Structure formats: structure tokens, C-alpha cells
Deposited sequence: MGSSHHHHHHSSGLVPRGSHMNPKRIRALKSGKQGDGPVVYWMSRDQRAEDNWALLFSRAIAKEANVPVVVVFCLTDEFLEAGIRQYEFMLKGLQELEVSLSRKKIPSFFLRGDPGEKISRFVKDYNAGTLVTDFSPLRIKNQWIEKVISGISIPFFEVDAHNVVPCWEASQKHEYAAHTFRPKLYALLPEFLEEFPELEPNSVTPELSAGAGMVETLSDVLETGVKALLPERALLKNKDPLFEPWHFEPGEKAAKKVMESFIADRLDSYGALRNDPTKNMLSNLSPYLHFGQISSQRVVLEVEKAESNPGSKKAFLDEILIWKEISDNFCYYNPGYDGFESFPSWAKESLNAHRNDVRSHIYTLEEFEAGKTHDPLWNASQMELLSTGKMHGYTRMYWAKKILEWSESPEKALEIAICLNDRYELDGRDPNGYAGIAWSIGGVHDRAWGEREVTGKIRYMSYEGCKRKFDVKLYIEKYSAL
């Protein structure tokens, strides 16, 4: 659909029909940003070709009840900043409350939409919302992959077994899909309160807030303030100050040398393609650049591939045959310790390293990338069954992680418990052939005493 600096492979037609005579409507779900947005740049071009304005719709759902205030305030505060940014380019933002499957279809007919465009997401709920809108609209419906550098359907047409099989496919398509972002052209034809929806949300999530003994909340919101502007500063400081030492100190939780970009990347407050563009042109350490590029390109977009081609990505069935047979044979094995969800949530285990890792999660909303493996693998070792281990790990991940409810989370949890995108290892009791990590293993790689003392 027109456009010079616009690859048609990033878009795909979800429905066909006659184009309406009204404005094009962009359904923003995953990429909550105004700059470096392919789903928004594509919508503007269709608006420009049809001589119609472009509108923006965001449907606030009841999914915030499953999460806490840490994720609600992070998403809401960025939307208020995004509302101002879109207002500077004569683009209107409409915020709705309810089911997108019924409110979006009502918004298309009420506003007389000509075309409908949305961003890509491999989650189950999004496909259910799309099918509901599909049956309630008669205007063309398009979808743009504005999250991945290479479109998910274009990178691979099959659930990839490992990264070493997905690595040659992604890097072969990089010279085509890795490109600069054209500027967002403002509108030519111009035609709920976010503050009110913020107070009503925190009031409904107050009783479920994480608290300490003295009735003091555990979350510390000053570590990462949200917003598109704040996401840029974190990226800029990483390239200039933390990119050089990334390849050597990425597995040390005592050193704050990670990019800290997941909370912004999950909500779409910054484009991962923009991160690649600035990282590629930076004169850093070559070993650190390759290590970082493999993390945000191969392992971030293969999680989308995992959830897209596996509808049961958060279940035991999505595990490989070798892991399922290994875990089933050790179901009756006696566990050294058995902890419930509440004991894992409050950090009441015998391991001071695991408890400290959970405290970093409960205090900052983000846990170090290295300790997340030990946090999840120890749940499998100290649970009733692999199903309960998967349930506890997913619950604690989606409730307290700022980057939770993400394809990176489900793939990452399935890696630690089900060996997805991994291989077999030494045979052990309970865990079987799943990769094993011990407290002594972390002792020889980083100062464990510094990590435990930092988070009580």
C-alpha cells in the first residue's frame, strides 16, 4: 500500500473488503510509542493515500487486575506522555475501557473508519480479540510487526528448535529489514481521561499491593520511570557507559551493566530496531556488541516465534519430547524441600541466594538476567510437580516483573523448566536431564555475598 521507505513484508492483510470513506484507525496494543513505530507509520501512509486523517485507539482492559500497581503505573504514565506526543502531530488518541473485541468494533462503526491497523503480538488473547473484531467489522483489517526487526511470519515458518538454527535465518534477512525510520508526518485534517482511569485503577489494586512487616510497600518506583523520553535516555547511557563492559559483565548481578531496556521494550516505549541501529554504529568492544546483538535480535524475536507457533507456550505440552519423558520419569522422586506459592512469593526458602533474588524482584520490579535462571530452576527442584513449578514461576513472573506478561517471559520460563531451546544434560534426581544450576556454581562466577547482602 504505497510508500517508498516502507517494506510491504512488514504488513499483512487480516481481512479484505471495500475501503471506507472515513479516517484510518490504528489499534495500538504492544508498541506504545510515537517514534520508530512501523504500525503507526504504515497507518499514516494509508491515511495520506486516501486523503483521510489517522486516529489512534487504545483499549484499556481488565488485565491490570492480574498484575499490580508497578505495571499499571508504568504503562499509564507512558500513555499520558504519548498522548502529548501524538497531540503535537495533530493525531488523536482515544482511550476506551472494556473488551477490545466489542469496543473496537463499536468504535469502527461509530467513527466511520475506513481502514483498521493494529500491531503484532503472538499472545493468545490478542488472537481472540482479533477474531472478535473480524466478525464485527466490514472495513479492511491490517497488521504490522512493529516490535521485531524482521517480521515474525517472515523470519521462520516453523517453531525453531534452537538459536543456532534460527541464527542463520535472522542474520540473512538483516540487510533487507534493518533500515532507518522515516519521520512521522503530522496530520493535515484534524477530526476518557487518563488521569481518571489511573486513580480508579490504583484504588482497585491497592489491597493486592506487596507489603512489608510494617505495612510498607516493597516496590521502589524510582529505579525506572516510564515514558518514551525516559526509554531513550536508558538506551543512550547503555551505549556510552555500559555497552563496552557488557560482554564480560553481563552475568554478574553485583554489577549493574545490563541495558535495563526490558520494561520499555515490553510496553513498546522504545523500538528494538532503533536500539540495533545505534548499537551497530557504535565503536564499542566487538565481543560485547556481538553478545548484545544476539540477545535483543536472536533471543528476543525467537520468543515471539515460540509463542506464535505454539499456542500452549505456557504449558507442559510445549516442552520437547526428551524433556517431557525425563520430567515424567522423576515425578515420584522425593524432593529435598516442598514450598508453596506463598512461601516462594515471600522469599521464605532455605536458600539465601534464592530469597535474595526474589527480593530484587519484589523491590525493583526487575531481577538480574543471570539470577532469573537460578530463581526459576530452583522452583522446579522444590515443587510438587513440574506443572506446579510452571504455574508458580509464571505467576510470580507475570505479577512482579515489570517486563512480565511477555513472550520473552514464557519462552524464558520454558527454557529453565522445560528445556525449550536447550539440550539435555547430566541425569539427576527430580530435575532429571534439565540443565542444572547450583549455589556453588554461582559462587565461583560472582560475589554471591554481595548479592545476598544487597537485598537482605
| property | result |
| --- | --- |
| Deposited residues absent from the coordinates (by C-alpha) | 1-15, 207-215, 481-482 |
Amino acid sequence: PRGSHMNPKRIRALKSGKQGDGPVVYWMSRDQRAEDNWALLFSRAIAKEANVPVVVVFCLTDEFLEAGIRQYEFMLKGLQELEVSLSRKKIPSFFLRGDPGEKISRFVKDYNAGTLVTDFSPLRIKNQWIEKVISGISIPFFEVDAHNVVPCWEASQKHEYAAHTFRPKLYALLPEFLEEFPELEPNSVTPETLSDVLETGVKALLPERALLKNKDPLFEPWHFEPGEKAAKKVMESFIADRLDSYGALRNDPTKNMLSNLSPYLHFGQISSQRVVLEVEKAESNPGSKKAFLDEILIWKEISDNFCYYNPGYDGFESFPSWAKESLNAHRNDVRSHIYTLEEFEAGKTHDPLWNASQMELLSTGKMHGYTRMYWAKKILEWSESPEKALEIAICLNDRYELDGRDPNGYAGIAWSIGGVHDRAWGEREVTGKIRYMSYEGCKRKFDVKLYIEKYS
From here on, numbers count along this sequence of modelled residues.
property: Between 273-281 and 134-142 (mean CA B-factor, as deposited), the higher; result: 134-142
property: Stretch with the higher entry mean CA B-factor, where the candidates are 333-341 and 372-380; result: 333-341
property: Per the PDB entry, maximal CA B factor within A356, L79, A240, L205; result: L205
property: Top Cα B factor in the deposited entry, candidates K109, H350, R250, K126; result: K109
property: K433 CA temperature factor, ranked by third within the chain; result: lowest
property: For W38, the third of its chain into which the C-alpha B factor falls; result: middle
property: Relative C-alpha B-factor of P191, binned into the chain's lowest, middle or highest third; result: highest
property: Relative C-alpha B-factor of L396, binned into the chain's lowest, middle or highest third; result: lowest
property: Entry-reported Cα temperature factor of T115, expressed as the chain third it lands in; result: highest
